[PDB]
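Step one of this worksheet: look at the structure below.
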Amino acid sequence: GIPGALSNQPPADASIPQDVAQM
Amino acid sequence: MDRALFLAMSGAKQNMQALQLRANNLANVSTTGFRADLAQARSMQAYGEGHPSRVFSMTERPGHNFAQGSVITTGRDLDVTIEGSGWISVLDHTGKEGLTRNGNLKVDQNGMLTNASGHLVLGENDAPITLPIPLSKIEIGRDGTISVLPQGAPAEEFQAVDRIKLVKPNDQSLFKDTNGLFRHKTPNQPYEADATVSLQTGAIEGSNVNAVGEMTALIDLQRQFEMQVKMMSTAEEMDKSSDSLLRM
Amino acid sequence: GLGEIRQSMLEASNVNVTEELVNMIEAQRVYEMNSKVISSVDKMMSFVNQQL
Amino acid sequence: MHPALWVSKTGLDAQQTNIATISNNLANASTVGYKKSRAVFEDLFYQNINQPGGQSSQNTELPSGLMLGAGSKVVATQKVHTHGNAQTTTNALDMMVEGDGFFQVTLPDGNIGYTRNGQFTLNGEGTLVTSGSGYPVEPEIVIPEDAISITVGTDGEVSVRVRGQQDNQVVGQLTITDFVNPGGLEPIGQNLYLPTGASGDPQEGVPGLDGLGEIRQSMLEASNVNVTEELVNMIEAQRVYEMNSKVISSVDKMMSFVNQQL
Amino acid sequence: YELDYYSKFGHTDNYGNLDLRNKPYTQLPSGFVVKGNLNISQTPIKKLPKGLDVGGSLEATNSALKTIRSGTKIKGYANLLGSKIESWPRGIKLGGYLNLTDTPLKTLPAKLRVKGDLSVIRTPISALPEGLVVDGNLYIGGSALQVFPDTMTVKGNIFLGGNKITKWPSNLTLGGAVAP
């Protein structure tokens, strides 16, 4: 696969522990 | 046909909206106590299956230019301008409190102190300020105190009657409403009357529209608008060419 | 509290000629700036139905 | 935006601040004890475009090490606290400071503001107050009704002459304040300065000892503005303003050509 | 080289996300503070400066990250898949998961708490520390683990990944199941 390729899914972020924790 | 026609159309439509937003600022250069509106663009990606190649751009109003306006010296007692940062509490025709910066005050026949737009100005009691009907000399204090002289009274009768409600909240928590009055973004939030703001009586605060800033925004909005129009043209040009496939 | 009558006197107009001239300068510049926006919008609209 | 457009715009905003601070100086060309201000420019940061690594010393003389600026800005409106000329008046209540020193007045909010303006007067009670808004002078100096004249010594010792007795009776002593960095004081209008962190702690002492200035009665400190300096700097500011307008239109014409030709 | 005041300014967006992807930086300023996410993947950085405070997520995949100093604060997660780290320091403020897949990690501090999943996939780690509490899933596939700690808390499902477990915890409150 190509390195640094963008993803077509919302970018897991910080606020809302939900993303910071779930892999 | 290619979805790039609408991707470029949605950008060209938004560039027109930002152009209109800048146009209102230039139409309101001479308006009293007018805070120029800021315009920017936000990138919102179209998340879903497939390669992440389609991102839309829509314009928004992130905030306003809360800098001090151009002060006009008129030598008029009922003209006041806020020094530095601050606001004046007024209620519009709906009886809804809102912050203003238009200090062009006036007194009606009943004595109520209003501004140039007819909004009643609030005071210490949080009620609209009412002055005795037959006045003789009205002087607005630097801190907002209103001292009046009864008709025919000697000089040593400058008694205070009211204090103008000056509010200095965080500028990032205020939004411009549909009638030009800034209010809290959070509703049912009381306006605390600050005692630090000062009025430079005898002067009127103008608008803070930076004419050059709007003009350079205009020329960039035009070029970006025209480039996206070319994208629309080349999108249909490709579509027309890719139609001889079924032309057996 | 009324004023007093002064005989053999008149009251000159309270217009400030310098204020009017300064007001003319600002009003003329704002007038020209809004004309450019109208010209800018028309040129943008001209580009649409000509290129497309 | 094309980055060349905003680079030129910062030059336009920098000159606009220069024009604003240069019109304020000429507006206060007759204010007593007014200190002129000058706009100080400094260039913005340079960014490496052809080498994101951030090493600007590798091949700086090569295209890979090219760095482009972001424009200019006004970093400060520096006050020039040079002493002004002396105006000799007939009023006995206006004073002047010979050299370093600041008068002290008490603001309505409680803290004291420091001034070079010496235009004073008396209120209804007789305390020494400013000739403008009427803020009292620290320390308070009350003049008796029976007094016929006011004499302010070179060390601020205020004495009045009363008939029926020889020798002047002393009713107070003025005291002035000096600062390590008077340029860091915050101007608040009405010929007043508020102390700040950059100015340093106030240094209070008698006017005439420990390097402080002397109080001169019936004398005022003229504004130190140089009207010719403002006019010369006004000429430059216009031409620099016009030149940054030319390039903005130049970039606009180039970009208009791109979407009209291509 | 090092990161200066102006070197970092060229790698920051409007929301303070510092991107150092493949940048030839070897270290960060002492007491570094980053408002947003930090990306140091594929970088020659060997050690993080003491007092580092990250307001977002940490990503150091396929990088030379080997040492982390105690007191580091991370609001989001620490993604270290494929790094060179050998030991995890105690006292790290971490608000997300610790992904240590493809790492030479050997030891973990006692009473470690992970607010999300913990992946020690393909790691030479010998024994999970006693008192280890995980609020997510556990990944131990391809690791050298064969004995579990006496007491551990895995709120999620423990995934063995193939290794044979000879000893099970005596006090284990599992919200899921165990998968090979």
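Ordering of the structure tokens sets the chain letters (A, B, ...), residue numbers begin anew at 1 in every chain, and ligands are numbered from 1 in the order given.
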
Spatial neighbours of residue E:173, 10 Å, only C-alpha atoms, chain gap at least 2 places, as an MDAnalysis selection string: chainID E and resid 151:156 169:171 175:176

For the interface of chain E with chain D (cut-off 10 Å, counting only C-alpha atoms), please tabulate each contacting residue of chain E alongside its nearest pair of atoms and their separation in Å to one decimal, rows sorted by chain and increasing number, as a Markdown table.
```
| residue | atom | partner | partner_atom | distance |
| --- | --- | --- | --- | --- |
| E:1 | CA | D:55 | CA | 8.6 |
| E:2 | CA | D:54 | CA | 9.7 |
| E:3 | CA | D:54 | CA | 8.7 |
| E:4 | CA | D:54 | CA | 9.4 |
| E:6 | CA | D:45 | CA | 8.2 |
| E:7 | CA | D:54 | CA | 5.7 |
| E:8 | CA | D:54 | CA | 8.5 |
| E:9 | CA | D:47 | CA | 8.9 |
| E:10 | CA | D:47 | CA | 6.9 |
| E:11 | CA | D:52 | CA | 8.4 |
| E:20 | CA | D:53 | CA | 9.0 |
| E:22 | CA | D:53 | CA | 8.9 |
| E:23 | CA | D:53 | CA | 5.6 |
| E:24 | CA | D:53 | CA | 6.3 |
| E:25 | CA | D:53 | CA | 7.9 |
```

Can you pull out the residues contacting stretch 35-39 of chain C? Cut-off 12 Å, using only C-alpha atoms, and skip same-chain residues under 4 positions away; I want them as an mmCIF file with N, CA, C and O atoms, in the first residue's frame.
```
data_model
loop_
_atom_site.group_PDB
_atom_site.id
_atom_site.type_symbol
_atom_site.label_atom_id
_atom_site.label_comp_id
_atom_site.auth_asym_id
_atom_site.auth_seq_id
_atom_site.Cartn_x
_atom_site.Cartn_y
_atom_site.Cartn_z
ATOM 1 N N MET B 16 -20.071 33.382 -4.405
ATOM 2 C CA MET B 16 -21.036 34.469 -4.519
ATOM 3 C C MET B 16 -21.564 34.884 -3.151
ATOM 4 O O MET B 16 -21.754 36.076 -2.889
ATOM 5 N N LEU B 19 -19.051 36.928 -1.467
ATOM 6 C CA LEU B 19 -19.029 38.232 -2.118
ATOM 7 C C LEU B 19 -20.139 39.131 -1.588
ATOM 8 O O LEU B 19 -19.920 40.325 -1.349
ATOM 9 N N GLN B 20 -21.337 38.575 -1.401
ATOM 10 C CA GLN B 20 -22.438 39.357 -0.849
ATOM 11 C C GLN B 20 -22.160 39.760 0.594
ATOM 12 O O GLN B 20 -22.538 40.855 1.026
ATOM 13 N N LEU B 21 -21.509 38.881 1.360
ATOM 14 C CA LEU B 21 -21.163 39.215 2.737
ATOM 15 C C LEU B 21 -20.193 40.388 2.791
ATOM 16 O O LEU B 21 -20.337 41.285 3.631
ATOM 17 N N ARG B 22 -19.195 40.400 1.906
ATOM 18 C CA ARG B 22 -18.278 41.535 1.849
ATOM 19 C C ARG B 22 -18.978 42.781 1.320
ATOM 20 O O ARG B 22 -18.606 43.906 1.673
ATOM 21 N N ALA B 23 -19.986 42.597 0.464
ATOM 22 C CA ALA B 23 -20.704 43.741 -0.094
ATOM 23 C C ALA B 23 -21.481 44.487 0.982
ATOM 24 O O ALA B 23 -21.607 45.716 0.925
ATOM 25 N N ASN B 24 -22.017 43.762 1.966
ATOM 26 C CA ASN B 24 -22.767 44.409 3.037
ATOM 27 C C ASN B 24 -21.861 45.281 3.898
ATOM 28 O O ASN B 24 -22.289 46.324 4.406
ATOM 29 N N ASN B 25 -20.605 44.867 4.079
ATOM 30 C CA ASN B 25 -19.663 45.679 4.845
ATOM 31 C C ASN B 25 -19.366 46.995 4.137
ATOM 32 O O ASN B 25 -19.289 48.050 4.777
ATOM 33 N N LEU B 26 -19.191 46.954 2.814
ATOM 34 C CA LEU B 26 -18.905 48.174 2.068
ATOM 35 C C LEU B 26 -20.134 49.070 1.980
ATOM 36 O O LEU B 26 -20.012 50.299 1.929
ATOM 37 N N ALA B 27 -21.327 48.475 1.939
ATOM 38 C CA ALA B 27 -22.548 49.264 2.006
ATOM 39 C C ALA B 27 -22.750 49.893 3.377
ATOM 40 O O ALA B 27 -23.551 50.825 3.505
ATOM 41 N N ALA B 211 -11.704 49.071 4.285
ATOM 42 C CA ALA B 211 -12.107 49.088 2.882
ATOM 43 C C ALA B 211 -11.138 48.299 2.013
ATOM 44 O O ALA B 211 -11.558 47.586 1.095
ATOM 45 N N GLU B 214 -11.664 44.519 2.340
ATOM 46 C CA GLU B 214 -12.792 44.004 1.572
ATOM 47 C C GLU B 214 -12.468 43.955 0.085
ATOM 48 O O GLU B 214 -12.867 43.015 -0.613
ATOM 49 N N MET B 215 -11.749 44.959 -0.421
ATOM 50 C CA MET B 215 -11.441 45.006 -1.848
ATOM 51 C C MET B 215 -10.515 43.872 -2.262
ATOM 52 O O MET B 215 -10.702 43.271 -3.327
ATOM 53 N N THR B 216 -9.506 43.567 -1.444
ATOM 54 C CA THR B 216 -8.596 42.479 -1.787
ATOM 55 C C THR B 216 -9.281 41.126 -1.637
ATOM 56 O O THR B 216 -8.925 40.164 -2.328
ATOM 57 N N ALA B 217 -10.259 41.027 -0.735
ATOM 58 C CA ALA B 217 -11.074 39.822 -0.667
ATOM 59 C C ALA B 217 -11.930 39.671 -1.917
ATOM 60 O O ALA B 217 -12.127 38.556 -2.414
ATOM 61 N N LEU B 218 -12.450 40.786 -2.437
ATOM 62 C CA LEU B 218 -13.288 40.738 -3.631
ATOM 63 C C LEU B 218 -12.527 40.180 -4.825
ATOM 64 O O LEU B 218 -13.028 39.308 -5.542
ATOM 65 N N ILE B 219 -11.306 40.669 -5.052
ATOM 66 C CA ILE B 219 -10.562 40.269 -6.243
ATOM 67 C C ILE B 219 -10.165 38.800 -6.160
ATOM 68 O O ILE B 219 -10.065 38.115 -7.184
ATOM 69 N N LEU B 221 -12.035 36.519 -4.521
ATOM 70 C CA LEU B 221 -13.280 35.783 -4.709
ATOM 71 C C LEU B 221 -13.656 35.711 -6.183
ATOM 72 O O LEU B 221 -14.215 34.709 -6.642
ATOM 73 N N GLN B 222 -13.370 36.773 -6.940
ATOM 74 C CA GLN B 222 -13.651 36.756 -8.370
ATOM 75 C C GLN B 222 -12.821 35.700 -9.086
ATOM 76 O O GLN B 222 -13.354 34.911 -9.875
ATOM 77 N N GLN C 28 -18.150 60.517 -0.790
ATOM 78 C CA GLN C 28 -17.741 60.288 -2.171
ATOM 79 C C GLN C 28 -16.960 58.987 -2.311
ATOM 80 O O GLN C 28 -17.152 58.241 -3.279
ATOM 81 N N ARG C 29 -16.075 58.695 -1.356
ATOM 82 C CA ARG C 29 -15.269 57.480 -1.445
ATOM 83 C C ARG C 29 -16.124 56.232 -1.270
ATOM 84 O O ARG C 29 -15.937 55.241 -1.986
ATOM 85 N N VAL C 30 -17.069 56.257 -0.328
ATOM 86 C CA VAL C 30 -17.964 55.119 -0.144
ATOM 87 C C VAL C 30 -18.831 54.923 -1.381
ATOM 88 O O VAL C 30 -19.144 53.791 -1.767
ATOM 89 N N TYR C 31 -19.229 56.024 -2.021
ATOM 90 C CA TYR C 31 -20.035 55.938 -3.235
ATOM 91 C C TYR C 31 -19.270 55.238 -4.352
ATOM 92 O O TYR C 31 -19.827 54.405 -5.074
ATOM 93 N N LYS C 43 -19.391 41.727 -14.007
ATOM 94 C CA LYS C 43 -18.337 41.029 -14.739
ATOM 95 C C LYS C 43 -18.322 39.543 -14.405
ATOM 96 O O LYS C 43 -18.074 38.706 -15.280
ATOM 97 N N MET C 44 -18.572 39.196 -13.141
ATOM 98 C CA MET C 44 -18.661 37.785 -12.772
ATOM 99 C C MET C 44 -19.847 37.112 -13.455
ATOM 100 O O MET C 44 -19.728 35.985 -13.949
ATOM 101 N N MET C 45 -20.996 37.790 -13.500
ATOM 102 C CA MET C 45 -22.159 37.227 -14.177
ATOM 103 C C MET C 45 -21.933 37.128 -15.681
ATOM 104 O O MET C 45 -22.448 36.215 -16.334
ATOM 105 N N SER C 46 -21.177 38.070 -16.249
ATOM 106 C CA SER C 46 -20.854 38.007 -17.671
ATOM 107 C C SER C 46 -19.993 36.791 -17.983
ATOM 108 O O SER C 46 -20.114 36.189 -19.058
#
```

Given only C-alpha atoms, how would the per-residue table for chain E near chain A read, listing every residue at most 10 Å away with its closest atom pair and distance in Å to one decimal, sorted by chain and number, as JSON lines?
```
{"residue": "E:21", "atom": "CA", "partner": "A:4", "partner_atom": "CA", "distance": 8.6}
{"residue": "E:36", "atom": "CA", "partner": "A:14", "partner_atom": "CA", "distance": 8.7}
{"residue": "E:37", "atom": "CA", "partner": "A:13", "partner_atom": "CA", "distance": 8.4}
{"residue": "E:41", "atom": "CA", "partner": "A:4", "partner_atom": "CA", "distance": 10.0}
{"residue": "E:55", "atom": "CA", "partner": "A:14", "partner_atom": "CA", "distance": 7.8}
{"residue": "E:56", "atom": "CA", "partner": "A:14", "partner_atom": "CA", "distance": 5.5}
{"residue": "E:57", "atom": "CA", "partner": "A:14", "partner_atom": "CA", "distance": 6.9}
{"residue": "E:74", "atom": "CA", "partner": "A:14", "partner_atom": "CA", "distance": 9.9}
{"residue": "E:75", "atom": "CA", "partner": "A:14", "partner_atom": "CA", "distance": 6.8}
{"residue": "E:76", "atom": "CA", "partner": "A:20", "partner_atom": "CA", "distance": 4.7}
{"residue": "E:77", "atom": "CA", "partner": "A:20", "partner_atom": "CA", "distance": 5.5}
{"residue": "E:78", "atom": "CA", "partner": "A:20", "partner_atom": "CA", "distance": 9.2}
{"residue": "E:79", "atom": "CA", "partner": "A:23", "partner_atom": "CA", "distance": 9.3}
{"residue": "E:94", "atom": "CA", "partner": "A:20", "partner_atom": "CA", "distance": 9.6}
{"residue": "E:95", "atom": "CA", "partner": "A:20", "partner_atom": "CA", "distance": 6.6}
{"residue": "E:96", "atom": "CA", "partner": "A:21", "partner_atom": "CA", "distance": 4.1}
{"residue": "E:97", "atom": "CA", "partner": "A:21", "partner_atom": "CA", "distance": 5.2}
{"residue": "E:98", "atom": "CA", "partner": "A:21", "partner_atom": "CA", "distance": 9.0}
{"residue": "E:99", "atom": "CA", "partner": "A:23", "partner_atom": "CA", "distance": 8.4}
{"residue": "E:114", "atom": "CA", "partner": "A:21", "partner_atom": "CA", "distance": 8.9}
{"residue": "E:115", "atom": "CA", "partner": "A:21", "partner_atom": "CA", "distance": 6.3}
{"residue": "E:116", "atom": "CA", "partner": "A:21", "partner_atom": "CA", "distance": 4.6}
{"residue": "E:117", "atom": "CA", "partner": "A:23", "partner_atom": "CA", "distance": 6.7}
{"residue": "E:118", "atom": "CA", "partner": "A:23", "partner_atom": "CA", "distance": 9.1}
{"residue": "E:119", "atom": "CA", "partner": "A:23", "partner_atom": "CA", "distance": 9.7}
{"residue": "E:135", "atom": "CA", "partner": "A:21", "partner_atom": "CA", "distance": 8.9}
{"residue": "E:136", "atom": "CA", "partner": "A:22", "partner_atom": "CA", "distance": 7.5}
{"residue": "E:137", "atom": "CA", "partner": "A:22", "partner_atom": "CA", "distance": 9.1}
```

Separation of atom CA of residue D:84 from atom CA of residue D:180 in Å: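 Rounded to one decimal, the two atoms are 19.2 Å apart.
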
With chain A as the partner and 10 Å as the cut-off, tabulate the residues of chain B that qualify, each row holding the nearest pair of atoms and their distance in Å to one decimal, using only C-alpha atoms, sorted by chain and rising number, as a Markdown table.
```
| residue | atom | partner | partner_atom | distance |
| --- | --- | --- | --- | --- |
| B:45 | CA | A:8 | CA | 8.6 |
| B:46 | CA | A:8 | CA | 8.1 |
| B:47 | CA | A:8 | CA | 5.3 |
| B:48 | CA | A:8 | CA | 5.9 |
| B:49 | CA | A:8 | CA | 6.7 |
| B:50 | CA | A:8 | CA | 6.9 |
| B:51 | CA | A:8 | CA | 6.4 |
| B:52 | CA | A:8 | CA | 4.9 |
| B:53 | CA | A:8 | CA | 8.7 |
| B:54 | CA | A:8 | CA | 9.9 |
```

Counting only C-alpha atoms, chain D residues within 7 Å of chain B, as an NGL selection string: :D and (1 or 252 or 255-256 or 259)

Who sits within 8 Å of stretch 96-107 of chain B, only C-alpha atoms, same chain under 2 positions skipped, as a ChimeraX atom specification: /B:32-34,78-82,86-94,109-116,167,180-183,204-205

Just to be explicit: take each residue in the selection above, keep N, CA, C and O atoms, and write the result as a CSV table (one decimal), in the first residue's frame.
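The result, stored in selection-v3.csv:
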```csv
chain,number,residue,atom,x,y,z
B,32,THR,N,-23.2,53.8,12.0
B,32,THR,CA,-22.7,54.1,13.3
B,32,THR,C,-22.7,52.8,14.2
B,32,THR,O,-23.7,52.1,14.3
B,33,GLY,N,-21.5,52.6,14.8
B,33,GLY,CA,-21.4,51.4,15.7
B,33,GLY,C,-21.5,50.1,15.0
B,33,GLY,O,-22.2,49.2,15.5
B,34,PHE,N,-21.0,50.0,13.8
B,34,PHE,CA,-21.1,48.8,12.9
B,34,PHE,C,-19.9,48.0,13.0
B,34,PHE,O,-18.8,48.5,12.7
B,78,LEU,N,-25.7,64.6,23.7
B,78,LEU,CA,-26.4,63.3,23.6
B,78,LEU,C,-25.7,62.3,22.6
B,78,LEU,O,-26.4,61.4,22.1
B,79,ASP,N,-24.4,62.5,22.3
B,79,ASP,CA,-23.6,61.6,21.5
B,79,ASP,C,-22.5,61.0,22.4
B,79,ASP,O,-21.7,61.8,22.9
B,80,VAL,N,-22.4,59.7,22.5
B,80,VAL,CA,-21.4,59.0,23.3
B,80,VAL,C,-20.8,57.9,22.4
B,80,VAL,O,-21.5,57.3,21.6
B,81,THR,N,-19.5,57.6,22.7
B,81,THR,CA,-18.8,56.5,22.1
B,81,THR,C,-18.1,55.7,23.1
B,81,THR,O,-17.6,56.3,24.1
B,82,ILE,N,-18.1,54.4,23.0
B,82,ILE,CA,-17.5,53.5,24.0
B,82,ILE,C,-16.0,53.6,23.8
B,82,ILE,O,-15.5,53.3,22.7
B,86,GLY,N,-16.5,47.5,24.8
B,86,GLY,CA,-17.7,47.6,25.6
B,86,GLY,C,-19.0,47.5,24.8
B,86,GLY,O,-18.9,47.4,23.5
B,87,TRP,N,-20.1,47.7,25.4
B,87,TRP,CA,-21.4,47.6,24.7
B,87,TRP,C,-22.4,48.5,25.5
B,87,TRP,O,-22.2,48.8,26.7
B,88,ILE,N,-23.5,48.8,24.9
B,88,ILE,CA,-24.6,49.5,25.5
B,88,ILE,C,-25.8,48.6,25.4
B,88,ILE,O,-26.2,48.1,24.3
B,89,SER,N,-26.5,48.4,26.5
B,89,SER,CA,-27.7,47.5,26.6
B,89,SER,C,-28.9,48.3,26.1
B,89,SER,O,-29.2,49.3,26.6
B,90,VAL,N,-29.5,47.7,25.1
B,90,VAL,CA,-30.8,48.3,24.5
B,90,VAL,C,-31.8,47.1,24.3
B,90,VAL,O,-31.4,46.0,24.0
B,91,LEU,N,-33.0,47.4,24.3
B,91,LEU,CA,-34.1,46.5,24.0
B,91,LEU,C,-34.8,47.0,22.7
B,91,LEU,O,-35.1,48.2,22.6
B,92,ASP,N,-35.0,46.1,21.8
B,92,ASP,CA,-35.6,46.4,20.5
B,92,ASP,C,-37.1,46.5,20.6
B,92,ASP,O,-37.7,46.5,21.7
B,93,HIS,N,-37.8,46.6,19.5
B,93,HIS,CA,-39.3,46.7,19.5
B,93,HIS,C,-39.9,45.4,20.1
B,93,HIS,O,-41.1,45.5,20.5
B,94,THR,N,-39.2,44.3,20.2
B,94,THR,CA,-39.7,43.1,20.8
B,94,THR,C,-39.5,43.0,22.3
B,94,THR,O,-39.8,42.0,22.9
B,109,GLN,N,-40.7,62.7,23.3
B,109,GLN,CA,-41.6,63.7,24.0
B,109,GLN,C,-41.9,63.2,25.4
B,109,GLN,O,-42.2,64.1,26.2
B,110,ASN,N,-41.9,61.9,25.6
B,110,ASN,CA,-42.2,61.4,27.0
B,110,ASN,C,-41.0,61.4,27.9
B,110,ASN,O,-41.2,61.3,29.1
B,111,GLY,N,-39.8,61.6,27.3
B,111,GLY,CA,-38.6,61.7,28.1
B,111,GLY,C,-37.8,60.5,28.1
B,111,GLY,O,-36.6,60.5,28.6
B,112,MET,N,-38.2,59.4,27.5
B,112,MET,CA,-37.4,58.1,27.5
B,112,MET,C,-36.2,58.3,26.6
B,112,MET,O,-36.3,58.8,25.5
B,113,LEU,N,-35.1,57.9,27.1
B,113,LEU,CA,-33.8,58.0,26.4
B,113,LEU,C,-33.6,56.8,25.4
B,113,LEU,O,-33.4,55.7,25.8
B,114,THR,N,-33.7,57.1,24.1
B,114,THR,CA,-33.5,56.2,23.0
B,114,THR,C,-32.3,56.5,22.2
B,114,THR,O,-31.6,57.5,22.4
B,115,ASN,N,-32.0,55.6,21.3
B,115,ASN,CA,-30.8,55.8,20.4
B,115,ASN,C,-31.4,56.2,19.0
B,115,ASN,O,-32.6,56.4,18.8
B,116,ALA,N,-30.4,56.3,18.0
B,116,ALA,CA,-30.8,56.7,16.7
B,116,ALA,C,-31.8,55.7,16.0
B,116,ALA,O,-32.6,56.0,15.2
B,167,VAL,N,-21.9,47.0,29.2
B,167,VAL,CA,-21.6,45.6,29.3
B,167,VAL,C,-20.4,45.3,28.5
B,167,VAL,O,-20.3,45.7,27.3
B,180,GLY,N,-29.0,43.5,13.9
B,180,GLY,CA,-27.8,44.2,14.2
B,180,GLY,C,-27.4,44.3,15.7
B,180,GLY,O,-26.5,45.0,16.0
B,181,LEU,N,-28.2,43.6,16.6
B,181,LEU,CA,-27.9,43.7,18.0
B,181,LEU,C,-27.2,42.4,18.4
B,181,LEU,O,-27.7,41.3,18.2
B,182,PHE,N,-26.0,42.5,19.1
B,182,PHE,CA,-25.2,41.4,19.5
B,182,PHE,C,-25.8,40.8,20.8
B,182,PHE,O,-26.0,41.6,21.7
B,183,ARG,N,-26.0,39.5,20.8
B,183,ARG,CA,-26.5,38.8,22.0
B,183,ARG,C,-25.6,37.6,22.3
B,183,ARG,O,-24.8,37.2,21.5
B,204,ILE,N,-19.1,60.3,18.4
B,204,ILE,CA,-19.9,59.1,17.8
B,204,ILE,C,-18.9,58.2,17.2
B,204,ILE,O,-17.9,58.6,16.5
B,205,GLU,N,-19.1,56.9,17.5
B,205,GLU,CA,-18.2,55.8,17.0
B,205,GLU,C,-18.7,55.3,15.6
B,205,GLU,O,-19.9,54.9,15.5
```
